[PDB]
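**Q** The structure is given below, and queries will be raised subsequently.
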Amino acid sequence: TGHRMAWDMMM
Amino acid sequence: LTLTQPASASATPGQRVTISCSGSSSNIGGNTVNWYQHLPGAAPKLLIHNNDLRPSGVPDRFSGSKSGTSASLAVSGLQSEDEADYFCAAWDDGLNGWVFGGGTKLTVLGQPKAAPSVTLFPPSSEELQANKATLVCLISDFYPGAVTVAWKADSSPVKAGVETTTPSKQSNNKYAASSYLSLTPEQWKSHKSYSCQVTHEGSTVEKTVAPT
Amino acid sequence: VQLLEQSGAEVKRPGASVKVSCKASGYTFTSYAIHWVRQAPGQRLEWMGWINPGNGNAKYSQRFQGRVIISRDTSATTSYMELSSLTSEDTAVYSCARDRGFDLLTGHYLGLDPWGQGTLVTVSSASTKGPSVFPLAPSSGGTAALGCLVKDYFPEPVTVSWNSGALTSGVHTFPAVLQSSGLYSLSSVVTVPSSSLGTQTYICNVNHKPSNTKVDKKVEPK
Ligand SMILES: [Cl-]
């Protein structure tokens, strides 16, 4: 998963 | 995984120095590079985020760039206080987490070479009474902070029973290290002498002790 | 100013579990992810995992999945990292860091900032042992070096002073070496006037809190 997608999902 | 940085970089004051970070399509290729300064005993300090952006407080002499799967930190008008470890960081799409470079130690050139002082102590009588023997080689006041220590029994090299510390900075900004040779009392008493031999920048200092 | 403050150094035996804490202040705790990373001696930083402190959702590196738990206490604004089934490969400094996340207006990534100071965890099968202190009898010009060998103790640290702290000029205490036995040794040396050797008493004071041991070793000429 790209960084922004991963951060969006987590937060 | 892994980002790759050179182990060291160096330049004189006022010069410009660059530090590179190489990765892959799944980290630097697709995500941003972020750079940190690490000084002894302190938490990492963010210097550059999002490839090229400086946080508040960071001097404009620090800049960052990224191209393809590589990135670079540049420090211009180098100052002595800039001597530090610098490391890069990027999100990795395969790990789904962060990866970090191994760091680059930036040396600000200018400090002159300094030769080591070497003191070698033989085993104490009390230690021998405890059925042990330790030779202690103490090395101080040298610069740069790289030495080699070799031990000899009579004239032959000894490798067994040697433990040597990594050189550490002293308060005077020179380095110190210590080396220990462990022996049985019988070994100590059986030889004519033992020696500690310290090599630094191509010069050698040798100290010798004897049970006699 | 934002701070992440970590718990103190820990010594653990193989097979045990360790729990490290990271206390956050100076910002809204539940609004930013916390990451946990570690760095073994001589090796690079390695990411372990992260947590959204708002809802407790934690995700882990596949390298640690199944033996790490990252958690949080929102009332205490603290995150915890628990690592189980420790081996000597787990000796490392464990650090937390705050994810500033992405700027919602610009899309820029804002960075992991700040970071905690780190907590050293040492995994060793060695038993607690007080040091044997041996005198290093004086060696010479107008000065002479004498010292103490602080041998075979575990775990760190030891403290060393000379003459109960009255002697500091010319004192040099060296970093400890870690031996194959898993025990530490260090030396402390002091340079003193040669003229004083017949008349002045020199004592090294060694304190090893973990074994509840104190030694005051007199160092005499030979
Ligand atoms: Cl990014």
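Here, A, B, ... name the chains of the structure tokens in the order displayed, residue numbers run from 1 inside each chain, and ligands are numbered from 1 in the same displayed order.
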Which chains and residue numbers are within 9 Å of ligand 1, counting only C-alpha atoms and all ligand atoms, if I want them as a ChimeraX atom specification?
**A** /A:2-4 /B:27-28,30-34,49-51,90-91 /C:102,108-111
**Q** I need the chosen residues saved as a PDB file, in the first residue's frame, with C-alpha atoms.
**A**
ATOM      1  CA  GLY A   2       1.388   3.449  -0.758  1.00  0.00           C
ATOM      2  CA  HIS A   3       2.209   5.743   2.235  1.00  0.00           C
ATOM      3  CA  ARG A   4      -0.780   8.088   1.917  1.00  0.00           C
TER       4      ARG A   4
ATOM      5  CA  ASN B  27      10.146   3.128  -1.024  1.00  0.00           C
ATOM      6  CA  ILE B  28      11.963   6.171  -2.430  1.00  0.00           C
ATOM      7  CA  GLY B  30       6.894   6.101  -4.777  1.00  0.00           C
ATOM      8  CA  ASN B  31       7.060   7.822  -1.413  1.00  0.00           C
ATOM      9  CA  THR B  32       8.834  10.807   0.140  1.00  0.00           C
ATOM     10  CA  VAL B  33      12.278  10.833   1.701  1.00  0.00           C
ATOM     11  CA  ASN B  34      12.710  12.383   5.131  1.00  0.00           C
ATOM     12  CA  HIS B  49      10.382  16.206   5.269  1.00  0.00           C
ATOM     13  CA  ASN B  50       8.533  15.465   2.027  1.00  0.00           C
ATOM     14  CA  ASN B  51      11.806  15.314   0.026  1.00  0.00           C
ATOM     15  CA  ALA B  90      10.950   6.437   3.691  1.00  0.00           C
ATOM     16  CA  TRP B  91       7.750   4.439   3.714  1.00  0.00           C
TER      17      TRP B  91
ATOM     18  CA  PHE C 102      -0.135  14.404   6.035  1.00  0.00           C
ATOM     19  CA  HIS C 108       2.612  17.120   2.054  1.00  0.00           C
ATOM     20  CA  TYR C 109       3.937  14.469   4.440  1.00  0.00           C
ATOM     21  CA  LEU C 110       4.909  16.208   7.705  1.00  0.00           C
ATOM     22  CA  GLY C 111       7.305  13.597   9.150  1.00  0.00           C
TER      23      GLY C 111
END
**Q** Return as a Markdown table the residues of chain C lying at most 10 Å from chain A, together with the closest atom-to-atom pair for each and the distance in Å to one decimal, counting only C-alpha atoms, with rows in chain order and ascending residue number.
**A**
| residue | atom | partner | partner_atom | distance |
| --- | --- | --- | --- | --- |
| C:30 | CA | A:11 | CA | 9.8 |
| C:31 | CA | A:11 | CA | 8.1 |
| C:32 | CA | A:11 | CA | 7.6 |
| C:33 | CA | A:11 | CA | 7.1 |
| C:50 | CA | A:10 | CA | 9.1 |
| C:51 | CA | A:10 | CA | 7.9 |
| C:52 | CA | A:11 | CA | 6.1 |
| C:53 | CA | A:11 | CA | 9.1 |
| C:54 | CA | A:11 | CA | 8.4 |
| C:55 | CA | A:11 | CA | 9.0 |
| C:57 | CA | A:10 | CA | 7.4 |
| C:58 | CA | A:10 | CA | 8.4 |
| C:59 | CA | A:10 | CA | 8.6 |
| C:99 | CA | A:7 | CA | 9.4 |
| C:101 | CA | A:7 | CA | 7.2 |
| C:102 | CA | A:4 | CA | 7.6 |
| C:107 | CA | A:4 | CA | 8.7 |
| C:108 | CA | A:4 | CA | 9.6 |
| C:109 | CA | A:4 | CA | 8.3 |
**Q** Counting only C-alpha atoms, which residues from chain B have an atom at most 8 Å from any atom of chain C, and could you show them as a ChimeraX atom specification?
**A** /B:32,34,41-46,49-50,95-103,119,121-124,126-127,163-165,168,176-178
**Q** For the selection you just gave me, I'd like the residues written to a file as a tab-separated table (two decimals), in the first residue's frame, keeping N, CA and C atoms.
**A**
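Produced file again.tsv, reproduced below:
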chain	number	residue	atom	x	y	z
B	32	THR	N	7.88	9.74	-0.14
B	32	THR	CA	8.83	10.81	0.14
B	32	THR	C	9.99	10.33	1.01
B	34	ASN	N	12.71	11.50	3.98
B	34	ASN	CA	12.71	12.38	5.13
B	34	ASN	C	14.06	12.18	5.80
B	41	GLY	N	23.50	10.99	22.28
B	41	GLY	CA	22.63	11.03	23.43
B	41	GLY	C	21.32	11.76	23.23
B	42	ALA	N	21.04	12.17	22.00
B	42	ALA	CA	19.86	12.96	21.73
B	42	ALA	C	18.95	12.19	20.78
B	43	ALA	N	17.65	12.44	20.85
B	43	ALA	CA	16.71	11.85	19.88
B	43	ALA	C	16.94	12.44	18.48
B	44	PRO	N	16.62	11.67	17.44
B	44	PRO	CA	16.76	12.15	16.06
B	44	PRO	C	15.95	13.42	15.86
B	45	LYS	N	16.50	14.35	15.10
B	45	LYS	CA	15.90	15.65	14.82
B	45	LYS	C	15.53	15.70	13.34
B	46	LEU	N	14.26	15.92	13.03
B	46	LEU	CA	13.83	16.04	11.64
B	46	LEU	C	14.43	17.28	10.98
B	49	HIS	N	11.51	17.11	5.47
B	49	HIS	CA	10.38	16.21	5.27
B	49	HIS	C	9.82	16.39	3.87
B	50	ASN	N	9.15	15.36	3.36
B	50	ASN	CA	8.53	15.46	2.03
B	50	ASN	C	9.56	15.86	0.95
B	95	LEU	N	6.79	-3.54	2.92
B	95	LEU	CA	6.80	-3.67	4.37
B	95	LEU	C	5.51	-3.14	4.99
B	96	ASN	N	4.91	-2.16	4.34
B	96	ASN	CA	3.80	-1.40	4.90
B	96	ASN	C	4.27	-0.77	6.21
B	97	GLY	N	5.47	-0.21	6.16
B	97	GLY	CA	6.07	0.40	7.33
B	97	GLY	C	7.27	1.20	6.88
B	98	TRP	N	8.00	1.78	7.82
B	98	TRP	CA	9.14	2.61	7.51
B	98	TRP	C	10.44	1.81	7.32
B	99	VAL	N	11.28	2.27	6.41
B	99	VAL	CA	12.65	1.80	6.28
B	99	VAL	C	13.61	2.99	6.42
B	100	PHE	N	14.81	2.68	6.91
B	100	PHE	CA	15.78	3.70	7.30
B	100	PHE	C	17.14	3.41	6.70
B	101	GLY	N	17.87	4.46	6.34
B	101	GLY	CA	19.24	4.25	5.87
B	101	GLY	C	20.11	3.93	7.08
B	102	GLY	N	21.32	3.43	6.85
B	102	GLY	CA	22.23	3.07	7.94
B	102	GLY	C	22.92	4.27	8.57
B	103	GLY	N	22.74	5.43	7.97
B	103	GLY	CA	23.32	6.65	8.48
B	103	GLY	C	24.68	6.97	7.87
B	119	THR	N	49.27	3.56	28.44
B	119	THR	CA	49.69	3.10	29.77
B	119	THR	C	49.32	1.63	29.89
B	121	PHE	N	49.32	-1.69	32.43
B	121	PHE	CA	49.47	-2.21	33.79
B	121	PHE	C	49.55	-3.73	33.74
B	122	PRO	N	50.48	-4.31	34.52
B	122	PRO	CA	50.56	-5.77	34.67
B	122	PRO	C	49.51	-6.25	35.67
B	123	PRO	N	49.34	-7.57	35.81
B	123	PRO	CA	48.40	-8.07	36.82
B	123	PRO	C	48.81	-7.65	38.22
B	124	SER	N	47.83	-7.28	39.04
B	124	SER	CA	48.07	-6.98	40.44
B	124	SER	C	48.41	-8.25	41.21
B	126	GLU	N	47.16	-8.96	44.06
B	126	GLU	CA	45.88	-9.46	44.58
B	126	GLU	C	45.09	-10.28	43.55
B	127	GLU	N	45.13	-9.85	42.29
B	127	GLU	CA	44.43	-10.62	41.27
B	127	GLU	C	45.07	-11.98	41.09
B	163	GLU	N	40.30	-8.46	24.63
B	163	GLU	CA	39.05	-7.72	24.42
B	163	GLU	C	39.39	-6.24	24.33
B	164	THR	N	38.95	-5.57	23.27
B	164	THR	CA	39.29	-4.18	23.04
B	164	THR	C	38.04	-3.34	22.86
B	165	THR	N	37.95	-2.18	23.52
B	165	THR	CA	36.77	-1.31	23.33
B	165	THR	C	36.85	-0.52	22.02
B	168	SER	N	36.06	5.94	22.03
B	168	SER	CA	34.99	6.86	22.43
B	168	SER	C	35.54	8.26	22.63
B	176	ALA	N	39.58	7.94	23.23
B	176	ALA	CA	40.20	6.97	24.14
B	176	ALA	C	39.68	5.56	23.86
B	177	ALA	N	40.49	4.56	24.20
B	177	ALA	CA	40.10	3.18	24.11
B	177	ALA	C	40.89	2.37	25.12
B	178	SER	N	40.43	1.16	25.40
B	178	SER	CA	41.15	0.29	26.32
B	178	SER	C	41.17	-1.14	25.75
**Q** Name all residues at most 6 Å from residue 86 of chain B (count only C-alpha atoms; drop same-chain ones fewer than 3 positions away) and give them as a ChimeraX atom specification.
**A** /B:36-37,103-104
**Q** Name the residues of segment 9-209 of chain C that fall into strand (DSSP E) according to DSSP on the backbone, using the chain letters and numbers of this document, as a VMD selection string.
**A** chain C and resid 10 to 12 18 to 25 34 to 39 45 to 52 57 to 60 68 to 73 78 to 83 92 to 99 112 to 115 119 to 123 132 to 139 143 to 153 159 to 162 171 to 173 177 to 178 184 to 193 203 to 208
**Q** So which bits of chain A end up helix (DSSP H, G or I) when you DSSP the backbone, as a list in words?
**A**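 DSSP on the backbone gives helix (DSSP H, G or I) at residues 3, 4, 5, 6, 7, 8, 9 and 10 of chain A.
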**Q** Emit the selected residues as a CSV table (one decimal), in the first residue's frame, including N, CA, C and O atoms.
**A**
chain,number,residue,atom,x,y,z
A,3,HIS,N,2.2,5.1,0.9
A,3,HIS,CA,2.2,5.7,2.2
A,3,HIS,C,0.9,6.5,2.6
A,3,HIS,O,0.3,6.3,3.6
A,4,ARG,N,0.4,7.3,1.6
A,4,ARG,CA,-0.8,8.1,1.9
A,4,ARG,C,-2.0,7.2,2.1
A,4,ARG,O,-2.8,7.4,3.0
A,5,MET,N,-2.2,6.1,1.2
A,5,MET,CA,-3.3,5.2,1.4
A,5,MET,C,-3.2,4.5,2.8
A,5,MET,O,-4.2,4.3,3.5
A,6,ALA,N,-2.0,4.1,3.1
A,6,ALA,CA,-1.8,3.3,4.4
A,6,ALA,C,-2.2,4.2,5.6
A,6,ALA,O,-2.9,3.8,6.5
A,7,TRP,N,-1.7,5.5,5.5
A,7,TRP,CA,-2.0,6.4,6.6
A,7,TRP,C,-3.4,6.8,6.7
A,7,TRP,O,-4.1,6.8,7.7
A,8,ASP,N,-4.1,6.9,5.5
A,8,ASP,CA,-5.5,7.2,5.4
A,8,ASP,C,-6.3,6.0,6.1
A,8,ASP,O,-7.2,6.3,6.9
A,9,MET,N,-6.0,4.8,5.8
A,9,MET,CA,-6.6,3.7,6.4
A,9,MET,C,-6.4,3.6,7.9
A,9,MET,O,-7.4,3.4,8.6
A,10,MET,N,-5.2,3.8,8.3
A,10,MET,CA,-4.9,3.6,9.7
A,10,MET,C,-5.6,4.7,10.5
A,10,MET,O,-6.1,4.5,11.6
